[PDB]
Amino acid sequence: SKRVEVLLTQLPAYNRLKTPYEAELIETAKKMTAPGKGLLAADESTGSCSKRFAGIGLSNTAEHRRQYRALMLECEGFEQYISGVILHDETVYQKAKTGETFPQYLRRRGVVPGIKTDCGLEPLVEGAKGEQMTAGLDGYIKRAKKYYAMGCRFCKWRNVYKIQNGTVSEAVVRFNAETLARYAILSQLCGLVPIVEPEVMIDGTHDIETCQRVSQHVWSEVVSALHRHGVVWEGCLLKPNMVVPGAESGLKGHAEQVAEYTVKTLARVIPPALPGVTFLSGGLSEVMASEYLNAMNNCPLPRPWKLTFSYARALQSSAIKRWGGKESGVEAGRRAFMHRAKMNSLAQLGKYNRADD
């Protein structure tokens, strides 16, 4: 027949991201998921910060945001339990008390600095009212190279899926999968390990069966897309919701129910080569988040990747309260931070004890 010489990269099986950061990516990821450690998510937007401060009456300025972050980041000792921090863009450039930038300070202290690189939720337009896509791919490589150069070595991008009426449009499932897979690839290209966050939200009256049905489908499509875009599985992480009943469903699950539904869902879709899952805690209480993670790490189902946390409110809530926005609340604020971080560090080892909370 008529044969032609072509590049192998023009062939379907050869669409694979080739990145010279490869080995570095793989090493960051193992660092991120070290045993007894997890990630502190501290990438609240300026607005989310208003919310955060609201109950303590703290005014919403750059300086105060800095302080709210320093509260945790300069909590010496937290490094034993937190392996990386997802910063907000503003924090990357702020200075730690030593005068190093935050990324510089954390690296020195042994904590990998990451950055939230998505540009926020927007209406999906296709599919059903209430569904949302996420923006931020334009100019992405240039931002990401700039964060790398600032010292970040991982990034995070969140897509959400709102269950309504027991289901989600296939439009959001596909489109958001496609966005996450693109983001992953480009992150790896620029040297940052991508945290792929496909959050099936806890919002609504749905139950845990509905949650599992939608998550399993959403997440397999995210996987199919990562394959289709060529991701380095060994240099990537997942940040999924746990499978639980909906926030307004009226029902609460035990942690052992949670860990089984979650882990059996994940084991159906996530390749064992992905090094770790850093669960989001969205809507759960600080205690539940620890109890639920702990059960995961005690679940008899297959779970070949590390199962750890990537939490924001569930690690900060009480701290924020005790801190009060004042220098004077600083110590108590930390004590509380440390305790929650320790709880969760044990829960990753599967040794947390509720009597201890």
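Residue indices: 1-based, along the sequence shown.
Where do the C-alpha atoms have the higher mean temperature factor in this entry, in 72-80 or in 162-170?
Stretch with the greater average CA B-factor: 72-80.
Would you mind comparing 24-32 and 50-58 for me and telling me which has the higher average C-alpha temperature factor in the entry?
So the stretch with the higher mean C-alpha B-factor is 50-58.
Options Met343, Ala13, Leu17, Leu349 - largest CA temperature factor per the record:
Answer for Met343, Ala13, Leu17, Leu349: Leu349, with the highest C-alpha B-factor.
Which is it among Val223, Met150, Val200, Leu189: the one with the largest CA B-factor in the entry?
That would be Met150, according to the entry.
Give the position of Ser281 by CA B-factor within its chain, expressed as the lowest, middle or highest third.
Answer is highest: the recorded C-alpha B-factor places it there.
Going by the entry, which third of its chain does the Cα temperature factor of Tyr292 land in?
As the PDB entry reports it, the C-alpha B-factor of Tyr292 lands in the middle third of its chain.
Thinking about Cα B factors across the chain, which third does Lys95 belong to?
Middle third, going by the recorded CA B-factors of the chain.
For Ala312, the third of its chain into which the C-alpha B factor falls
Its C-alpha B-factor belongs to the highest third of this chain's values.
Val232's Cα B-factor: lowest, middle or highest third of the chain?
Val232: CA B-factor falls in the highest third of its chain.
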